[PDB]
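Shown next, in structure tokens, is the structure this report addresses.
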Amino acid sequence: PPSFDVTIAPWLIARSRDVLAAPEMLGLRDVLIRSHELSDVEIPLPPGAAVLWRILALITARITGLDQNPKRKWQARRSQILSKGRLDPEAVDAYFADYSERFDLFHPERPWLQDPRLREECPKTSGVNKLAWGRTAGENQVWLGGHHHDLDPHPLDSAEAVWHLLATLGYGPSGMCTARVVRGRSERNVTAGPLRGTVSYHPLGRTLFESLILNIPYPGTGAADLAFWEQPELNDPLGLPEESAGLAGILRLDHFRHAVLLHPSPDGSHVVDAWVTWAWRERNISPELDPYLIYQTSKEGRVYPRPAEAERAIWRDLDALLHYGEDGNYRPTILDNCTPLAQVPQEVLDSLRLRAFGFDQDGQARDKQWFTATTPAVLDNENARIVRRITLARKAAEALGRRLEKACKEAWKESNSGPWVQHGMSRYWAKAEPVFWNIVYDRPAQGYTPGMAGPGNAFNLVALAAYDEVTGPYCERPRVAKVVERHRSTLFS
Amino acid sequence: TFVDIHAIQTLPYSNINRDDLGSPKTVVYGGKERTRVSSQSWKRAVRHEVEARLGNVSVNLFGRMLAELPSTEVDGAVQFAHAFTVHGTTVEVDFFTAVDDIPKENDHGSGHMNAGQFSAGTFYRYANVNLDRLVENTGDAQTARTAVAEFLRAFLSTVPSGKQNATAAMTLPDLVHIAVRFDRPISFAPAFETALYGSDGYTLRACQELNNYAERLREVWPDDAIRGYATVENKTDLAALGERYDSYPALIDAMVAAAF
Amino acid sequence: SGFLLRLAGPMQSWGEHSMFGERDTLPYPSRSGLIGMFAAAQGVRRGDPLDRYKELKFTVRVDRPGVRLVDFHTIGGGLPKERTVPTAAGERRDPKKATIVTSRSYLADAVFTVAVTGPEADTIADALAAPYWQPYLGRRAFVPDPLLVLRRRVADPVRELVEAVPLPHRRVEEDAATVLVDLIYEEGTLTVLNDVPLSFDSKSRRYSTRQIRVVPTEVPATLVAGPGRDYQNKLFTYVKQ
DNA sequence: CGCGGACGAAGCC
DNA sequence: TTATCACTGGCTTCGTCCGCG
Numbered sequence: 017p018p019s020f021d022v023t024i025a026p027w028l029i030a031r032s033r034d035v036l037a038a039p040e041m042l043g044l045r046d047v048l049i050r051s052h053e054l055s056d057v058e059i060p061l062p063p064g065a066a067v068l069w070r071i072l073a074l075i076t077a078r079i080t081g082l083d084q089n090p091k092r093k094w095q096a097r098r099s100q101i102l103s104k105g106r107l108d109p110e111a112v113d114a115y116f117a118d119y120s121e122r123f124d125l126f127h128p129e130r131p132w133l134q135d136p137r138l139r140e141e142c143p144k145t146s147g148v149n150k151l152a153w154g155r156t157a158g159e160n161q162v163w164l165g166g167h168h169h170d171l172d173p174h175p176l177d178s179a180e181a182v183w184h185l186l187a188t189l190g191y192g193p194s195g196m197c198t199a200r201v202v203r204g205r206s207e208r209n210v211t212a213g214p215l216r217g218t219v220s221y222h223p224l225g226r227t228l229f230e231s232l233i234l235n236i237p238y239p240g241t242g243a244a245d246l247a248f249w250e251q252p253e254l255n256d257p258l259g260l261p262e263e264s265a266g267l268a269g270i271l272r273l274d275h276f277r278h279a280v281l282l283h284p285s286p287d288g289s290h291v292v293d294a295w296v297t298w299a300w301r302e303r304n305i306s307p308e309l310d311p312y313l314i315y316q317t318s319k320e321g322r323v324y325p326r327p328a329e330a331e332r333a334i335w336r337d338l339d340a341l342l343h344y345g346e347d348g349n350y351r352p353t354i355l356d357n358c359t360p361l362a363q364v365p366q367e368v369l370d371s372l373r374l375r376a377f378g379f380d381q382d383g384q385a386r387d388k389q390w391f392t393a394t395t396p397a398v399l409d410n411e412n413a414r415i416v417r418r419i420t421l422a423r424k425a426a427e428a429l430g431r432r433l434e435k436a437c438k439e440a441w442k443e444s445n446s463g464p465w466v467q468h469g470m471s472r473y474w475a476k477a478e479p480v481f482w483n484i485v486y487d488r489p490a491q492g493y494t495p496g497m498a499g500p501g502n503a504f505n506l507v508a509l510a511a512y513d514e515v516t517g518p519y520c521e522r523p524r525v526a527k528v529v530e531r532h533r534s535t536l537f538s
Numbered sequence: 002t003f004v005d006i007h008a009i010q011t012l013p014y015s016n017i018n019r020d021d022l023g024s025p026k027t028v029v030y031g032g033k034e035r036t037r038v039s040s041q042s043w044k045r046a047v048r049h050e051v052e053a054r055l056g164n165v166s167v168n169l170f171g172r173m174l175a176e177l178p179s180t181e182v183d184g185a186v187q188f189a190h191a192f193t194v195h196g197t198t199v200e201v202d203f204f205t206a207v208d209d210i211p212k213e214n215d216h217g218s219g220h221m222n223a224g225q226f227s228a229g230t231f232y233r234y235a236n237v238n239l240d241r242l243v244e245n246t247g248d249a250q251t252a253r254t255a256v257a258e259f260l261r262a263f264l265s266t267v268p269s270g271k272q273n274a275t276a277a278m279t280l281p282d283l284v285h286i287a288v289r290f291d292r293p294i295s296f297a298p299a300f301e302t303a304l305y306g307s308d309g310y311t312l313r314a315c316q317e318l319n320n321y322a323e324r325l326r327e328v329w330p331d332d333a334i335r336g337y338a339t340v341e342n343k344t345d346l347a348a349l350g351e352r353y354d355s356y357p358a359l360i361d362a363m364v365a366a367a368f
Numbered sequence: 002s003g004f005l006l007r008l009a010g011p012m013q014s015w016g017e018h019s020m021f022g023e024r025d026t027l028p029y030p031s032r033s034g035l036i037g038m039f040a041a042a043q044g045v046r047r048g049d050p051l052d053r054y055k056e057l058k059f060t061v062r063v064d065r066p067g068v069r070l071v072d073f074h075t076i077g078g079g080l081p082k083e084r085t086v087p088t089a090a091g092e093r094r095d096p097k098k099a100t101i102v103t104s105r106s107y108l109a110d111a112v113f114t115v116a117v118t119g120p121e122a123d124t125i126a127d128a129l130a131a132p133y134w135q136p137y138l139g140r141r142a143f144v145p146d147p148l149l150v151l152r153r154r155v156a157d158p159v160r161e162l163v164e165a166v167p168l169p170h171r172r173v174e175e176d177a178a179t180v181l182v183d184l185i186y187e188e189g196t197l198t199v200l201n202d203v204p205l206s207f208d209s210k211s212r213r214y215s216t217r218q219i220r221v222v223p224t225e226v227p228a229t230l231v232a233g234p235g236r237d238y239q240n241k242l243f244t245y246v247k248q
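Residue numbers (the entry's author numbering), protein chains in the order written: chain C, 17 to 84, 89 to 399, 409 to 446, 463 to 538; chain D, 2 to 56, 164 to 368; chain N, 2 to 189, 196 to 248.
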């Protein structure tokens with residue numbers, strides 16, 4: 017019979033902090049056990065990883081450190101585990117000992133992260149090409165990402181199938197898909213992924229161990245909860261997705277909006293067909309903000325995670341990752357709990373370094389770009414001053430930058446009574478990141494004064510240099526020169 | 002054996018291809034922005050003349173039919189470089205207004221005010237074709253003859269169709285240089301990495317500049333490359349480019365003959 | 002063994018991590034790209050073991066960083082529905098929706114000098130001199146500068162990029178020296200990116216991560232060339248000797 | 001009467 | 001001095017309706 021154990025069968029790429037040669041593929045158990053020896057384990061799809069780090073954080077929280089002066093007891097228990105440096109393998113095999121038969125992805129009953137009843141009531145298989153990302157599904161245009169005619173498709177290996185699976189449970193097309201009659205009701209319509217189009221932020225250490233431990237969000241006191249893959253019950257598609265105060269409900273793993281089924285190859289080496297289909301009809305609000313994402317409120321008062329953006333340079337978001345101030349956005353709770361000195365770790369904070377997964381795509385089923393971003397290491410009153418410099422910097426920076434946008438745009442119009466904005470921003474941000482990074486490290490940057498609280502209008506000189514680099518050849522005819530300079534004067538501040 | 006062609010085709014005030022906005026595509030090169038016509042656009046035009054004139165050498169010479177499913181040969185052994193202007197070019201805005209024919213008891217409140225961008229210049233075009241893969245894939249050497257000869261003349265004659273009804277950009281290349289090279293393909297693009305200065309025209313000056321670059325590269329690498337070039341001017345000699353030919357089809361004939 | 006490559010030309014684009022309509026290039030050459038170009042020069046069919054190319058080293062000096070531009074790039078627009086790009090289902094979509102709109106990015110006016118150092122790099126140079134398929138910088142449409150290989154054979158090429166290879170014109174203050182140039186080392196800011204190509208098979212191209220270290224280095228100001236047309240002369244002078 | 005082609009149903013404010 | 005300032009599209013599966021043969 018086809019079987020594929022996630023704990024045993026290798027699928028997580030792993031490079032240790034040692035040797036730094038030949039990264040080896042490991043299963044989930046072997047990875048989770050040798051965490052202290054390996055530096056990191058990765059998968060090529062940032063969405064897949066964006067949910068992966070959630071799965072590992074939840075699992076290691078359920079093994080150690082759940083439910084629970090609750091705050092001081094959590095930070096104390098937290099301090100012991102961070103100081104000890106190694107989880108005992110017997111508690112991992114004891115945590116898996118409760119769900120030993122449940123981690124098969126092709127299990128006859130209760131398949132991993134799947135719905136077994138979906139195989140019936142679904143006359144047409146979606147196909148591997150409809151599940152995996154970057155693979156042209158049935159009606160898509162075939163042009164890019166390898167041509168796949170949806171006729172005799174080469175079956176994915178199971179590991180990559182797990183990656184694309186995790187992606188679909190996270191980000192998933194909100195469009196209508198294959199229909200499933202459930203007790204007479206067939207609405208082939210499918211909802212959107214729970215965190216579709218946001219960049220997840222997981223902090224890192226020197227190995228996966230302490231990183232995964234800092235990944236654990238603080239569970240507020242409430243009802244004990246359990247994940248979708250930890251549910252003894254098989255979900256009923258109709259009804260309300262009941263709320264969940266437990267950490268498995270705020271780690272977005274209590275139930276996923278989509279539902280995938282993978283048809284196994286006789287050996288279990290490949291996936292041959294797939295079914296992606298709706299699991300719930302009426303959408304309900306999930307309690308509490310996702311600790312990983314940066315939230316932000318725009319007029320109308322809507323609290324929403326800032327949608328990723330391929331165009332934006334990442335560094336500005338990193339500034340938001342800091343607070344005790346509020347710059348118009350709510351922000352991320354895990355970062356707030358995890359990194360300030362009120363917490364408890366002594367030194368790991370000095371060497372921790374933040375990582376970002378951002379899959380920016382349509383509000384529908386269209387997709388444009390994903391990206392990872394292992395940004396350096398960043399961390409009271411003295412610290413408050415360093416953050417204050419960072420804010421007053423990112424502020425002056427984008428503010429004058431967009432003012433240069435309006436400038437360029439308007440300029441070209443009033444001239445002609463625009464091609465300048467695109468190239469303007471390209472050189473601008475490309476030239477602007479290193480100047481910012483010099484400001485944060487308090488290094489000397491021309492037009493900027495080291496160790497002065499004020500911004501120093503350095504970005505004025507950068508934007509002016511970029512502006513002249515773009516508009517140079519068109520300040521030629523006297524009229525256009527008049528408009529272009531009279532709008533360049535505004536960047537002088 | 003690679004046969005590559007360099008041309009210095011000029012285009013009057015035109016907007017053959019354009020961005021998502023109205024402005025033409027531009028490559029900032031040598032510190033000076035310079036208009037370009039992307040490679041795929043000109044290549045698609047070439048594909049239509051070659052296939053029209055031929056009445164599967166098109167899936168061989170060019171990579172793969174756009175409307176056909178991949179037939180295990182997606183590559184083509186033809187490499188079109190993006191044409192770019194020899195000199196720096198400011199995008200020249202053309203303000204235009206659509207006229208309303210029926211007139212009310214008011215005057216001239218025209219139908220549509222707008223401004224569209226256009227540009228003109230002497231594009232340095234370039235392409236190479238890998239004969240060896242073409243022979244190995246097509247089989248018959250004569251099919252290779254018609255494919256390369258007919259492809260070459262097509263390379264010269266065609267011009268993309270974009271905003272052409274408003275601007276008649278039809279033209280013939282001023283300089284063509286086909287160099288049958290056995291070592292490796294070489295583009296003379298860096299000859300124009302320093303945009304030429306203006307006010308007197310560029311055809312002659314660009315010709316002689318390309319001559320200097322050909323002289324020097326041939327100096328660094330003396331080779332058995334069979335060369336030849338044809339121009340619409342008889343006033344200036346370009347010894348580095350090979351023997352002169354009276355006309356373009358004569359040249360193409362001599363070089364296809366030279367390949368076999 | 003080892004030799005100096007110069008990745009130059011009007012436009013280049015060493016993209017990665019983009020698998021949809023928008024393509025994007027890294028501001029730095031990637032290892033996958035250069036390995037694939039050498040593989041094209043040697044006739045490595047798509048899917049053949051590329052392990053031979055493993056064990057190579059790529060120190061890359063950025064002369065001019067260049068300005069990256071967004072090339073708008075539609076495919077199939079303006080053609081009758083009957084001849085448009087096929088569907089996976091097989092039915093051409095309606096002509097009002099049949100045009101694909103890719104927005105491919107590319108680096109323009111950027112020049113890097115990668116110093117490939119390895120065990121057999123001399124044979125790959127022997128292949129660049131007479132390539133099996135045309136080498137290109139990222140997208141095949143981009144055509145390499147004729148000076149693709151500055152020196153066929155060099156003992157310790159990184160030392161020769163650190164000095165004695167000209168660089169493009171930049172501000173040289175009076176009585177100044179030691180102009181800053183960013184070298185990119187593989188081992189010893197920094198970024199993590201998916202480059203090292205495990206396989207080039209068109210059916211399932213897969214990669215693994217390679218750490219890239221960005222080292223601001225100090226090179227003699229004498230290398231910087233004069234403002235106009237001297238740079239080509241200096242490069243050629245270097246190439247012959 | 002059969003077949004082919006085209007538009008709509010959301011998800012979304 | 002006054003009037004004028006375009007559209008269209010590059011999402012998802014399938015079903016139904018309509019035009020055709």
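Heads up, the beta-carbon is just placed ideally off N, CA and C, and yes, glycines get one too.
### Query
Counting Cβ pairs, one atom from each stretch, are 3 or more of them under 8 Å apart for the segment 162-171 of chain C and the segment 357-365 of chain C?
no
### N319/D burial status per 10 Å Cβ neighbour count (16 or more: buried)
buried
### Task
Could you confirm whether any beta carbon from chain D is found closer than 7 Å to the beta carbon of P81/N?
no
### Message
With three or more C-beta pairs closer than 8 Å as the rule, is the segment 204-220 of chain C touching the segment 322-339 of chain C?
### Response
yes
### Task
Measure from the alpha carbon of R386/C to the alpha carbon of each residue in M20/N, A109/N, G10/N and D208/N, then state which is nearest.
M20/N
### Query
When DSSP labels each residue in this structure, what does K319/C get in the three-state scheme?
coil
### Task
Would you kindly check if the distance between the Cβ of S215/N and the Cβ of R47/N is under 7 Å?
no
### Message
So that I know if they touch, is there some Cβ in chain N lying closer than 7 Å to that of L325/D?
### Response
yes
#### Entry: Reference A338/D; option with closest CA among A274/D, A223/D and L280/D
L280/D
### Task
Could you tell me if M278/D is buried or exposed, where buried requires 16 or more neighbouring beta carbons within 10 angstroms of its beta carbon?
exposed
#### Entry: Residues near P261/C by beta carbon distance below 7 Å, same chain, minus five either side
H275, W300 and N304
### Message
Tell me the residue span of the alpha helix (DSSP H) that contains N222/D.
### Response
Counting along the chain, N222/D falls outside any alpha helix (DSSP H), though it belongs to the beta strand (DSSP E) covering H220 to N238.
#### Entry: Same chain, Cβ closer than 8 Å to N168/D, neighbours up to 5 away in sequence not counted
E181, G184, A185, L242, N245, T246 and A255
### Boundaries of the alpha helix (DSSP H) in which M497/C is found, first to last residue
Looking at the DSSP string, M497/C is not in any alpha helix (DSSP H), and its letter there is neither H nor E.
### Task
Drop a sphere of 10 angstroms on the beta-carbon of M196/C, count the other beta-carbons inside from all chains shown, and report buried for 16 or more, exposed for fewer.
exposed
### Query
What residue range is occupied by the uninterrupted alpha helix (DSSP H) comprising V162/C?
No alpha helix (DSSP H) contains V162/C, which DSSP labels as neither H nor E.
### Query
Is there a Cβ from chain D that is less than 7 Å from the Cβ of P464/C?
yes
### Query
Per DSSP, which one or two residues make a beta bridge with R289/D?
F3/D
#### Entry: Which of helix, strand or coil DSSP assigns to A475/C
helix
### Query
Who pairs with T193/D in a beta bridge, going by DSSP?
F231/D
### Message
Using a Cβ-based criterion (distance less than 6 Å to any ligand heavy atom), does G309/D qualify as near the ligand SAM?
### Response
Summarising the ligand content, the structure contains no ligands, and the ligand SAM is consequently not present.
### Query
Would a check of beta-carbon distances place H167/C closer than 7 Å to chain D?
yes
### Task
Would you verify that the beta carbon of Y512/C is, or is not, closer than 7 Å to some beta carbon of chain D?
no
### Task
In angstroms with no decimal places, state the Cα-to-Cα distance between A114/C and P237/C.
22 Å
### Message
Quick check on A42/N: buried or exposed, where buried means 16 or more other Cβ atoms within 10 Å of its Cβ?
### Response
buried
### Query
Tell me the DSSP bridge mates of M41/C?
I29/C
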